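Asker: The structure under discussion is supplied below as structure tokens; questions concerning it will follow.
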Amino acid sequence: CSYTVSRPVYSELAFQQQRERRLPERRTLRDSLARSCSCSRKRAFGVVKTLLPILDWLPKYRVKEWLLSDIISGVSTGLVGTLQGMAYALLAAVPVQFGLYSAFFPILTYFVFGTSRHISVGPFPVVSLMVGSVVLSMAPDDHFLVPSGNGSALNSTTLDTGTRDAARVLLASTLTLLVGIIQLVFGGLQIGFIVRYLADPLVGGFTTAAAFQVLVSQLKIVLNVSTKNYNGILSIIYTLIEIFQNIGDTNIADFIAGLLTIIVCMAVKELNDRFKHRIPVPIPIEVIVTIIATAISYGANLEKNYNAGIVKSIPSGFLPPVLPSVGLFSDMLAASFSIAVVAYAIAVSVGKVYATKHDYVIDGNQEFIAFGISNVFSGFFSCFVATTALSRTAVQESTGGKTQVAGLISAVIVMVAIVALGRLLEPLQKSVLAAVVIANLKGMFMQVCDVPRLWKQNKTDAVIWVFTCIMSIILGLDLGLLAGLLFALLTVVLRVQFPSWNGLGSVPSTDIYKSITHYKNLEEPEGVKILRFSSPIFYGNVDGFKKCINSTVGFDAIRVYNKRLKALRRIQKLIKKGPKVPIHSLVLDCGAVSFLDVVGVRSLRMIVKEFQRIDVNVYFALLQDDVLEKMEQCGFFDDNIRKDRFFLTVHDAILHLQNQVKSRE
Amino acid sequence: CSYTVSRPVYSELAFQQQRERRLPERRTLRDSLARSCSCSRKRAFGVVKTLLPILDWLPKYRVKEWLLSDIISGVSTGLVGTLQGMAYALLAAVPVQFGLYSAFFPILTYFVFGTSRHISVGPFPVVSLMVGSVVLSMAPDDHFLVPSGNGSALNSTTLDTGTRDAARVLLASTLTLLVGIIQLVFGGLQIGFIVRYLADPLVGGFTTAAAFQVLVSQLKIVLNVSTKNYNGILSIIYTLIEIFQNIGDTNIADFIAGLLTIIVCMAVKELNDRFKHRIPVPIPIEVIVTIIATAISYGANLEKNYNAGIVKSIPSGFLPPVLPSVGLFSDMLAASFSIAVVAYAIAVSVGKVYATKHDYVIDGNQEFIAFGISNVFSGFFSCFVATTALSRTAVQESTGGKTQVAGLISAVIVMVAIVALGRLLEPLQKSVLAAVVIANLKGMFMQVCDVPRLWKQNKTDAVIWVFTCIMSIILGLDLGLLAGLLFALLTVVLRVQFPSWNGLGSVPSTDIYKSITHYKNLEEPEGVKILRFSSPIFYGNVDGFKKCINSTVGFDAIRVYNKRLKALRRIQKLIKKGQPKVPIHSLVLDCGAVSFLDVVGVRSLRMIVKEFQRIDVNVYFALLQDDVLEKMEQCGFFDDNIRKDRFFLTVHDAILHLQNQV
Ligand SMILES: [Cl-]
């Protein structure tokens, strides 16, 4: 219909006279914490059910067909997960058995404390790369070589194959324990707002750079070259230059096999993803390619006749739990925090995706606690940080998964692949394991295709993407994330420091005020100059407010008053011998302000005082109640700056000005 | 007075269909690159006037309270300038001969270039150790170490002199020139917006521990306690516990001398503040306590008969300008960059602290080139860096002082002290001049009284003030301002992430919408609620905006959807076998205080509309004035069903829309 109102001009004081405010609630800190301390059985049962979600979905099972669905999804996910674990084990500088270890125990630990249903907790390429990088930093290769072997000229300081793996495994276990402790601290203390700073473009650029580094590392492993574990600044660029310079020490057979399996896996994966309408179950190309590689590699002696690179270092058994080597937390706290936050971000992303796909809820703090307990249990059994791979989770969701029982069954596959089966994978070339990782990088590599899309969108979001992607390549990968969050916060500060001020005017015979730089036929008040200033004024943008006012009024309240004083002394000397023309008022439409930052209210009062000397009134239009309640406490309403200066709506100020001009010439 | 604003309800598409837009000017730089200053001489005269900040206040000062006020203030800050030059030179591992030059030459070039009063340019204590650190690193202590002198057993490895200090001064002179040219090149690209990030609590919380740092640094010289040099973390605490641990070897004669002078100087200072209406000109007790100290010392020989500590090393005569070594600028470039940043930080910090007591707000771009060329002019003469001490700027402002001319007359006092008045201030006990800085230090020590004042005004800046103070004590003055600057920006992003969201409600028989948590006797439309986030929806407050909705509507759109389909599948199988929703119709987000949006915000805001659409509950919007609206349609917010009709110009138009719809 229509919109018509009629009311007196309640500016600021005509509103608080006949409006009984709501008294604040009594704090009573003692009784508040006493009442907050729950003691009834209802809250106890609630927190028990929340902390241990295993007792929720288990009694209400649908065993009839869920048993078959879970067993088939479990065998499929177990095969895929043991393959991905034995592949990512190379990224953690640990033998091939510890990937299967980190694929078995975290599942058992997440089964009794997790809150998801489709998340396959296991290894991850980015997390494994970060773990390997921090292990190489804390334990380089040239720190274990033992002089033995009667060398030609000097002492035979060859490789330390053996006890080196034990030190690397102990370091990885300590890192996993520290990451679990950090995650438990973040979860229990309810400090979960720290992961909100990981924006979508930021995490996209970080995943792109991490996928590029994973590609570099896996190409190094495939070519069978020997680098010097370049870590720190420009690590990826330096190791890529070294690879390009050390091409001569390659293996033609290993390179050919790697390229062949890369092409085959990529083609089969693209065919299965595109033509899904003909094949419902995704073909496990990884499983069949690993089987055929183990078959061919055992037919001919690829180790002796072709000098290939195989694992052949499987003990095929378990080991008693070992206590973590405490003392290395101070030199790895930042790395553990980075690994924990990136793992939690990836886990929450995968969980939200596969939860909005299946329409169920996933709690954040519960996932934090579950992953913390999982990493703590993994630290006692020599495992690395566990996460949920996008490719590994997709298999369990595509084959059909309802509860975590499929994951529990997925551990049984790794179980049987640990105890007895597994030594058949002895002649498996390391190139095949190092190739499937590259084939799975297609998802994070296509993330580069969003920069042309984000650039047409809000440009500041695209700059964060490019900055995070580039900076996470120059100064390593762990320190690259810290340079991204700080840059994102600085970009947020820049958007509130440089607002979009306009010349707000009124449409003819209306009450709504729109900008003047975007419309043509708008009427402005005679003498009055309206100004709207978003991005609330704080200590960093108050000079911007001064400059904006000086630009929108045409003059400066300082220079005009100085010229008036200079002309005044000329008057008092001539009688003894014997600028601000169009501007009538200034209506500040500060309606988009949230905080006031008293450091800024000081300058606001200074502006109001300076404009009074030049006889130019400066009013306010749409200030909020919580802002006036703060300006009152900050010492702003003196005997001269009353409340009549402020207003409720933008049109009320113009109406009051017109009435004052009509009633007072 | 009522007013008739009868107007049909206008949505976004209903307001742009009859009005017209304005073609935005792209303003390409291919043809507009010569629009700043092409031929107009007015802009050329303006930049020259701002480049030379001497034709502004010098042809404008009033000699009424200028001559006698600044002269007595100049001798006060000039005396302190001599003491710091004689003290900081020894800490910089260089011979104590050029400290007076660092207080004479930089003031001359800064008197004409630079508009910042109540600042005495010269050496700074924490910046002098940084110079001595990079000098001792790139210059061995023993250059030749001549093994001659017929020692006890082996050759007497006497430390080489003459050429040693000459190389140290040469290295220090090159460092000042390198910091100067780097200070100037920063002013080239006009990066002067960094001064806007220094808030009053930031500079206030910074110049209170520095006042405590200058207190303990003058306390170790007033007690003659030989302590080691400490910098970095826990620098102030380690020096404080060292004095209390090494308090034994304290000169009793010098202790009772300084303690008697610190009392008599502050007593007459507050006496002048009480009787300021009786005596027009403030009596310069600084020059009074100085002449009486040299009188009682020269007439009693407090050094060779009492061991009180005197200067006894005042040099004489200027030195010709010496050319630096260009071949060594490359090595200093890696370390002088960090020193150059912290130098300008302290330089402007002592400028903003006095901007709160007098309306003398300064600009960063002009001060960056002012201290820049001054250190360049400090070069070629073997001077120090062009910083400004916290003790000299306190004694100048508290004891009168109107313009920067007090620094000019101060150099004249040092100019005559080096050529003709060297033997005059010889027996100075180094206590009446090292304790006078403590008297004028009350101007910054009393700045801790704003903590209960700022706490009652705004809790955020009160925490910022105390945070920078306690952090500058632990992490030193170097990393104190940097850690406080990041903490200051962190409070800005936190206050914009967690706003004061409240549900709004109209007043009876009117169209004014205010918060319902702060008022009574309000009314809410049956089935329609209002929510005002009052903050931009960026990547940080994405879930916070979601938690703002589900806590205001009572339910959660996620949990009511899965239970709805669960009951739907429950009743579906019962048909084959055989057979908590709130009445709120819609919600209008009063997101009118938003200033910017991001890709994460527009995506999450779209998911909210799609989520409530599945629950048969509509979601409407409010005033997206000019930018937040055009940014949404650019990020692909409207694809097939979501249109700009769901938006509204005013909050009451949204209420009237849902009213006549049902
Ligand atoms: Cl993956």
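Asker: Among (1) away from chain B (no Cβ under 14 Å); (2) among the aliphatic types (A, V, I, L, M); (3) surrounded by fewer than 21 Cβ atoms within 10 Å (Cβ to Cβ); (4) more than 16 Å from the ligand (Cβ to nearest atom), which single condition is A:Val463 missing?
Answerer: It fails just one condition, (1).
Asker: Residue pairs, Cβ under 8 Å, 6 or more apart or interchain, first in the range A:437-458 and within 14 Å of another protein chain (Cβ to nearest Cβ), second among the small types (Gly, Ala, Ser) and not in a helix (DSSP H, G or I). List them.
Answerer: Final answer for the pair search is A:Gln457/B:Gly636.
Asker: Name the one entry in B:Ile464, B:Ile470, B:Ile438, B:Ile474 that is within 18 Å of A:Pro536 (Cβ to Cβ) and among the β-branched types (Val, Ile, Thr). Explain how you work it out, then say what you get.
Answerer: On the way: B:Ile470 fails: within 18 Å of A:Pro536 (Cβ to Cβ); B:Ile438 fails: within 18 Å of A:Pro536 (Cβ to Cβ); B:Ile474 fails: within 18 Å of A:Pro536 (Cβ to Cβ).
Checking each option against the conditions leaves just B:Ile464.
Asker: I would also like to ask the following. Restricting attention to the range A:472-496, report how many residues are within 14 Å of chain B (Cβ to nearest Cβ) and out of contact with any helix residue (DSSP H, G or I) (no Cβ under 6 Å at 6 or more places or on another chain). Please lay out each step first, then the result.
Answerer: First, pick out the residues of the range A:472-496 that are within 14 Å of chain B (Cβ to nearest Cβ): A:482-496.
Still in the list and also out of contact with any helix residue (DSSP H, G or I) (no Cβ under 6 Å at 6 or more places or on another chain): A:482, A:486, A:490, A:494-496.
Of the residues in the range A:472-496, 6 are within 14 Å of chain B (Cβ to nearest Cβ) and out of contact with any helix residue (DSSP H, G or I) (no Cβ under 6 Å at 6 or more places or on another chain).
Condition check ((1) within 14 Å of chain A (Cβ to nearest Cβ); (2) surrounded by 18 or more Cβ atoms within 10 Å (Cβ to Cβ); (3) in contact with a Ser or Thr (Cβ under 6 Å, 6 or more places away or on another chain)) across all residues:
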{"site": "B:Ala103", "(1), (2), (3)": "no, yes, no"}
{"site": "B:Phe113", "(1), (2), (3)": "no, yes, no"}
{"site": "B:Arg117", "(1), (2), (3)": "no, yes, yes"}
{"site": "B:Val126", "(1), (2), (3)": "no, yes, no"}
{"site": "B:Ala166", "(1), (2), (3)": "no, no, no"}
{"site": "B:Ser173", "(1), (2), (3)": "no, yes, yes"}
{"site": "B:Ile182", "(1), (2), (3)": "no, yes, no"}
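Asker: For the range A:2-22, which residues satisfy the criterion of being within 9 Å of chain B (Cβ to nearest Cβ), assigned to a loop (DSSP other than H, G, I, E, B) and either exposed (fewer than 10 other Cβ atoms within 10 Å of the Cβ) or among the acidic types (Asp, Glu) (or both)?
Answerer: Hit for the range A:2-22 is A:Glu20, nothing else.
Asker: When you go through A:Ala44, A:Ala89, A:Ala93, A:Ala103 one by one, which is the residue that is in contact with a helix residue (DSSP H, G or I) (Cβ under 8 Å, 6 or more places away or on another chain), of a type outside the set (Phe, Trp, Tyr) and away from the ligand (no atom under 16 Å from the Cβ)?
Answerer: Residue meeting the stated conditions: A:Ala93.
Asker: Condition first: away from the ligand (no atom under 16 Å from the Cβ) and in a helix (DSSP H, G or I). Now tell me which residues in the range A:107-130 satisfy that.
Answerer: A:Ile107, A:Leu108, A:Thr109, A:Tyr110
Asker: In addition: Determine whether the range A:568-576 contains at least one residue that is away from chain B (no Cβ under 12 Å), assigned to a helix (DSSP H, G or I) and touching a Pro at 6+ places or on another chain (Cβ under 6 Å).
Answerer: Scanning the range A:568-576 turns up no residue that is away from chain B (no Cβ under 12 Å), assigned to a helix (DSSP H, G or I) and touching a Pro at 6+ places or on another chain (Cβ under 6 Å).
Asker: Being more than 16 Å from the ligand (Cβ to nearest atom) and buried (at least 19 other Cβ atoms within 10 Å of the Cβ) is the requirement here; does A:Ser374 meet it?
Answerer: It is true that A:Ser374 is more than 16 Å from the ligand (Cβ to nearest atom) and buried (at least 19 other Cβ atoms within 10 Å of the Cβ).
A quick yes/no check of all residues on (1) more than 21 Å from the chain's Cα centre (by Cα); (2) within 16 Å of the ligand (Cβ to nearest atom); (3) within 14 Å of chain B (Cβ to nearest Cβ); (4) among the small types (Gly, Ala, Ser):
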position: A:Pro315; (1), (2), (3), (4): yes, no, no, no
position: A:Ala343; (1), (2), (3), (4): no, yes, no, yes
position: A:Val350; (1), (2), (3), (4): no, yes, no, no
position: A:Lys402; (1), (2), (3), (4): yes, no, yes, no
position: A:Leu408; (1), (2), (3), (4): yes, no, no, no
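Asker: Within the range A:531-562, work out how many residues are in a helix (DSSP H, G or I) and within 13 Å of chain B (Cβ to nearest Cβ).
Answerer: 11
Asker: Here is a list of conditions, (1) within 16 Å of the ligand (Cβ to nearest atom); (2) surrounded by 18 or more Cβ atoms within 10 Å (Cβ to Cβ), and A:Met446 meets all of them except one; can you say which number that is?
Answerer: Of (1) within 16 Å of the ligand (Cβ to nearest atom); (2) surrounded by 18 or more Cβ atoms within 10 Å (Cβ to Cβ), only one is false for A:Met446: (2).
Per-residue answers, yes or no, for (1) among the basic types (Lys, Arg); (2) at negative phi; (3) within 16 Å of the ligand (Cβ to nearest atom):
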site	(1), (2), (3)
A:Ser378	no, yes, no
A:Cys383	no, yes, no
A:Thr388	no, yes, yes
A:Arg392	yes, yes, yes
A:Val405	no, yes, no
A:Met415	no, yes, no
A:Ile418	no, yes, no
A:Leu421	no, yes, no
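Asker: Residues that are among the basic types (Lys, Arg): find the helices (runs of 4 or more DSSP H) completely inside the range A:148-250 holding 1 or more of those.
Answerer: Numbers: elements: A:163-188, A:200-223, A:235-245.
Counting at least 1 such residues, we get A:163-188, A:200-223.
Asker: Let me ask something else about it. Based on this model, can you work out whether A:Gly364 counts as at positive phi and more than 16 Å from the ligand (Cβ to nearest atom)? If you could, list the steps in order and put the result at the bottom.
Answerer: Working: at positive phi: no; more than 16 Å from the ligand (Cβ to nearest atom): yes.
For A:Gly364, the condition - at positive phi and more than 16 Å from the ligand (Cβ to nearest atom) - is not met.
Asker: Moving on. Any chance you could count how many residues in the range A:515-573 are in contact with a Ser or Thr (Cβ under 8 Å, 6 or more places away or on another chain) and among the small types (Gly, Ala, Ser)?
Answerer: 3
Asker: Of the residues that sit in the range B:504-521 and are more than 9 Å from chain A (Cβ to nearest Cβ) and buried (at least 19 other Cβ atoms within 10 Å of the Cβ), which one is nearest to A:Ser11 (Cα to Cα)?
Answerer: Here the residue is B:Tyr513.
Positions of Cβ are generated from backbone atoms using ideal geometry, with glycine treated the same way; all protein chains shown enter the neighbour counts. Every read-out reported here was derived from the displayed coordinates using simple, explicitly stated rules and does not represent laboratory data.
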